[PDB]
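>>> Here is my input, please return the structure:
(chains A and B, ligands or ions: 2)
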Number of protein chains: 2
Amino acid sequence: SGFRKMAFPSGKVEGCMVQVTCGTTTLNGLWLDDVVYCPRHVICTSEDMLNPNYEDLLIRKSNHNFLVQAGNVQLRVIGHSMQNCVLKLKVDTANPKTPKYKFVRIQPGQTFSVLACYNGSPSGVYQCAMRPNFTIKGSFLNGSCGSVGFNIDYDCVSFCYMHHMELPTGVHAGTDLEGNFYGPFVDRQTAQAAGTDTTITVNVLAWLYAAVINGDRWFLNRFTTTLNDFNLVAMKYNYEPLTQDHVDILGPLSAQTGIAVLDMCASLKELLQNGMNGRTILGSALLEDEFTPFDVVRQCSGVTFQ
Amino acid sequence: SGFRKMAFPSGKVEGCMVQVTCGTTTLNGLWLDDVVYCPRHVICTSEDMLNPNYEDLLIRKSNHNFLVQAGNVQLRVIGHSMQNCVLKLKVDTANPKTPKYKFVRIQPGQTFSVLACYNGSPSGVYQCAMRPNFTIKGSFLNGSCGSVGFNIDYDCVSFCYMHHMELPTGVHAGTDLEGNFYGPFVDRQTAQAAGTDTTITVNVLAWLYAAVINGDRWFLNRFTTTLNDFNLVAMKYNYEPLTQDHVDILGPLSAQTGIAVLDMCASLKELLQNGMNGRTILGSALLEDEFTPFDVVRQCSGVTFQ
Ligand SMILES: *[C@H](O)[C@H](C[C@@H]1CCNC1=O)NC(=O)[C@@H]1[C@@H]2[C@H](CN1C(=O)OCc1ccccc1)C2(C)C
Ligand SMILES: *[C@H](O)[C@H](C[C@@H]1CCNC1=O)NC(=O)[C@@H]1[C@@H]2[C@H](CN1C(=O)OCc1ccccc1)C2(C)C
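Numbers count the residues shown, from 1 in each chain, chains lettered A, B, ... in the order given. Ligands and ions are numbered 1, 2, ... in the order given. And now the structure:
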């Protein structure tokens, strides 16, 4: 037993991380087969970075301007192109450590592992959720751009995120691996700001089920509620509405605990209206919303990846 | 910016994980050079497990009783010996992925990354602290024994933990890689229980400094306190005493924020006596004690590992 915010093993991604330097900018790239993917703002200079025209900037570039280093070994760039907000640098060597991978775009409410990197060297790994406002609450310093987020499904790495920037509230914004931003953000220095967030209701319920599975039961009650009456209380506390599909997705966790989804909703209602009154749930004094029903089932069952 | 519970990249450890099966017991082993390390209770059967004599049990074993699988490849066991509570299985192949490593034993209050594994396959990675009572609050199911905890220092993996068992409160106990248990526990089914824990005071202060670095300042005050007067309040709330060495270790974080250690202690005092009053610190409604001053400096600066 036990319940921890758990990332996927990072090894398959570590073998893809490289350093990309152009002019005075150094950041990370993702090396898959013979292509290195990196944020296109690597072509910028600090006076380019306020209102750049990236096509203009890229046509003035040469292959040899891009210094790509995989560990202590230089990769020769033999072609370059822009795809939305990422650059694809064609190099003369296919990465022999390329895992089976996909490029997927995730939904708000979904989680993934981030491999924080600097100078092409992995620094740390942690779990993030895509917020309803398309930001992520990460940990990113200068030089971390090009770090990727991912999930692993058996032996296959589904890359879903590349880091590009920090917003003024200290949250983070980036793209999918096709270079399309999550949310209404641009790789421009503007006055852009995150925008109002909400709490991921289905995830809170999944985490409550994780708590029950692990022996935290004090918040359970005999009450119940209708989906409609629960959703009235949801909005009120700035929680996302709960759909019948969410109820369906929680079925397995309901069947394992013997607690009907709607009964767990009644528990959540009381927690929202009363607080926790000095008590904790899975070591937290807050209702946690960054675990999906999948994350709970995986960890409270023990799936692996080879 | 941002602050997240961050594990080390797990790749170097993933390459060492194997499956060890003996009789009806399957667990994980750690394969370094030509030795596989695993918990000695792999030699047990469910009727052995109440009060076993492990030397007796081991002399009745044969090399061929131990099935070791590294991925889909069987490793021939050519020797075996017991070292305290771990088994060393000598195999006919040195692990070509053996990283530079050390076997270190950590102190309570210190943190490390756990690579949860099942059937020799890594499942997830997360950060744990050694509690003052020598348990860890992990996430471990049946089959997870032999998963290891570690830190990485440049390119060197310092293994500090091997998982053996869960205690009745749902916390976890294990050994260093020399097979010596952390804390007063035995790999026997008895009525053993964790024992009273305390909060790691120096770590709470480090996390407060992490908060300030990231723009949470509401808990700061103009008051100060003496080390002695702070430690009176510490005990009271079941916090560990703060030593002058702890104050010294917090010096760099004090110098970066401009907040004297003793002033941050005065802030902690008020948080202990008043609570947080609906507010959060780094997304937590509790005072977090599983980040060391090192962890804060690493993440709020950006060290990597190659
Ligand atoms: C790429 O390594 C960097 C990552 C930032 C740096 C601080 N935290 C991060 O996540 N990305 C950027 O610097 C982007 C880039 C330039 C502005 N920018 C950005 O994040 O601005 C906000 C910021 C910068 C530095 C420190 C705090 C906040 C453009 C092209 C958007
Ligand atoms: C090894 O894979 C297993 C890991 C346990 C299983 C549940 N959570 C864990 O961390 N270790 C054991 O089963 C050890 C082993 C036998 C008893 N034991 C143990 O942990 O007992 C408590 C327990 C067991 C199963 C489920 C919940 C709690 C001995 C030799 C100590």
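>>> and the residue of the stretch 1-150 of chain A found nearest chain B, how many neighbours?
For the stretch 1-150 of chain A, the residue closest to chain B is residue A:11, as judged by Cβ to the nearest Cβ, at 3.1 Å. Bear in mind the C-beta positions are built from the backbone N, C-alpha and C, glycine included. Neighbour count for residue A:11, taken as other Cβ atoms under 10 Å in any protein chain shown: 25.
>>> Spatially, and excluding backbone neighbours, which residue is closest to it.
Distance criterion Cβ to Cβ, 6 or more residues apart in numbering or on different chains; nearest residue to residue A:11, sequence neighbours excluded, is residue B:11 at 3.1 Å.
>>> quick one: the one you found and ligand 1, what's the gap?
Residue B:11 sits 22 Å away from ligand 1 when distances are taken as Cβ to the nearest ligand atom, to the nearest Å.
>>> these two touch, right, that residue and residue A:8?
No: in this structure, residue B:11 is not within contact of residue A:8 by Cβ atoms under 8 Å, at 11.4 Å.
>>> elements contacting the strand or helix carrying residue A:18?
Take DSSP states H and E as the rule and residue A:18 turns out to sit in strand A:17-22. For strand A:17-22, the helices and strands in contact under the criterion 3 or more Cβ pairs under 8 Å, 6 or more residues apart in numbering or on different chains; DSSP states H and E are strand A:25-32, strand A:35-39, strand A:66-70, strand A:121-129.
>>> Those: which one's closest to ligand 1?
Comparing the helices and strands packed on strand A:17-22 against ligand 1 with Cβ to the nearest ligand atom, the closest turns out to be strand A:25-32 (5.1 Å).
>>> export the closest one as PDB, just CAs?
What follows is strand A:25-32 as a C-alpha-only set of coordinates in PDB (Å, rounded to 0.1, in the frame of the first residue of the first chain):
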ATOM      1  CA  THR A  25      20.900  30.500 -26.700                       C
ATOM      2  CA  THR A  26      21.300  27.000 -25.300                       C
ATOM      3  CA  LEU A  27      18.400  24.700 -24.700                       C
ATOM      4  CA  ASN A  28      17.400  21.000 -24.900                       C
ATOM      5  CA  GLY A  29      16.400  19.000 -27.900                       C
ATOM      6  CA  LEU A  30      14.700  15.600 -28.300                       C
ATOM      7  CA  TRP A  31      16.600  13.300 -30.600                       C
ATOM      8  CA  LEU A  32      14.500  10.600 -32.300                       C
END
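>>> Please find the angle between the direction vectors of it and strand A:121-129.
An angle of 80 degrees separates the directions of strand A:25-32 and strand A:121-129 when computed by axes from the mean of the first three to the mean of the last three Cα atoms, to 10 degrees.
>>> need the residues of chain A near ligand 1, please.
Contacts of chain A with ligand 1, taken as Cβ under 6 Å from any ligand atom, map to A:27, A:41, A:44, A:49, A:140-145, A:165-166, A:172, A:187, A:189.
>>> near ligand 2 too, which of these?
Applying Cβ under 6 Å from any ligand atom, the subset of these adjacent to ligand 2 is empty.
>>> Can you go through those and name the buried ones?
Among those, those buried by neighbour count (16 or more other Cβ atoms under 10 Å in any protein chain shown) are A:27, A:41, A:44, A:140, A:143-145, A:165-166, A:172, A:187.
>>> Identify the farthest-apart pair in the residues you listed.
Every pair in those was compared (Cβ to Cβ); the two farthest apart turn out to be A:44 and A:172, at 18.4 Å.
>>> Quickly find the element holding residue A:205.
According to DSSP H and E, residue A:205 maps onto helix A:201-213.
>>> can that helix be found next to ligand 2?
No: in terms of Cβ under 6 Å from any ligand atom, no part of helix A:201-213 sits within range of ligand 2; the closest distance is 12.5 Å.
>>> Skip ahead from that helix and say which helix or strand is next.
Later in the chain than helix A:201-213, the nearest helix or strand by DSSP H and E is helix A:227-236.
>>> element containing residue A:13?
According to DSSP H and E, residue A:13 maps onto helix A:11-14.
>>> Centroid-wise, who is the farthest residue in chain A?
When distances are taken from the C-alpha mean of chain A, residue A:222 lies farthest, 36.2 Å away, according to Cα atoms, centre = their mean.
>>> what's the burial count for residue A:95?
Other residues within reach of residue A:95, judged by other Cβ under 10 Å, total 19.
>>> go on, residue A:193?
Under the neighbour criterion other Cβ under 10 Å, residue A:193 is assigned a count of 13.
>>> Residue A:198 too?
Neighbours of residue A:198 using other Cβ under 10 Å come to 18.
>>> Test my guess that it contacts residue A:132.
Yes: proximity of residue A:198 to residue A:132 meets the contact threshold set by Cβ under 8 Å, at 4.7 Å.
>>> Now residue A:68. Nearest residue, chain neighbours left out?
Here the nearest residue to residue A:68 in space, its sequence neighbours aside, is residue A:75; by Cβ to Cβ, 6+ apart that works out to 4.0 Å.
>>> What residues does the stretch 101-250 of chain A have near ligand 2?
Taking Cβ under 6 Å from any ligand atom as the criterion, the stretch 101-250 of chain A does not approach ligand 2 at any residue.
>>> Name the residue of the stretch 101-250 of chain A that lies nearest to ligand 1.
Counting by Cβ to the nearest ligand atom, the stretch 101-250 of chain A gets nearest to ligand 1 through residue A:145 (2.9 Å).
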